[PDB]
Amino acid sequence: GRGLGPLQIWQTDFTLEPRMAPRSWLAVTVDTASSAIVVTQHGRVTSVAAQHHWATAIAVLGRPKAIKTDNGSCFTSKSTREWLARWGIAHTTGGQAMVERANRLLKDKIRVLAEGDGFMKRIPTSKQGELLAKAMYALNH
């Protein structure tokens, strides 16, 4: 139950992380109610990447009432607006200090975990998925 608890509002952004190349575009959502983070990696910053990311985030967190983004083309496209409408999720572009903080915490954590494993530059491709998941764990739990 929500009750008087925080409203179910997310902030979402993309942040570029070459340690994760070739899928170096990280799509990042912060649930403003709980501060939980969901991150996925993508080859390209696109509308469909944003949609794939939110599909994952909904699986993890539930369906939000609203999502705040910037006015980037991947978020204001007809395709993305229609996808959010299909899900019944309100969308605003406005401010999103929480997701900016999430981006920095994630990139720092990725670096620390990678260097801990001996990867001082790009993370080997076969190691990225588990390292990204480990960073998400580290920031949420």
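Definition used throughout: the rigid core is the maximal C-alpha set that superposes within 1.5 Å between two forms. Residue positions are given as counts along the sequence shown, with the first one as 1.
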Could you tell me which of the two stretches, 95-103 or 32-40, has its Cα atoms lying farther from the shown structure in 6 other deposited structures of this protein after fitting on the rigid core? 95-103
Chain break class for residue 88 to residue 89, judged by how many deposited residues have no coordinates: none
Between 130-138 and 2-10, the record assigns the higher mean Cα B factor to 2-10
Looking only at C-alpha temperature factors in the entry, 44-52 or 30-38, the higher average sits in 30-38
Hey, out of 114, 97, 57, 84, whose CA B-factor is highest in the deposited coordinates? 97
Based on the deposited C-alpha B factors for this chain, I'd like to know if residue 118 is in the lowest, middle or highest third. highest
Among the modelled residues of its chain, does the C-alpha B-factor of residue 110 lie in the lowest, middle or highest third? lowest
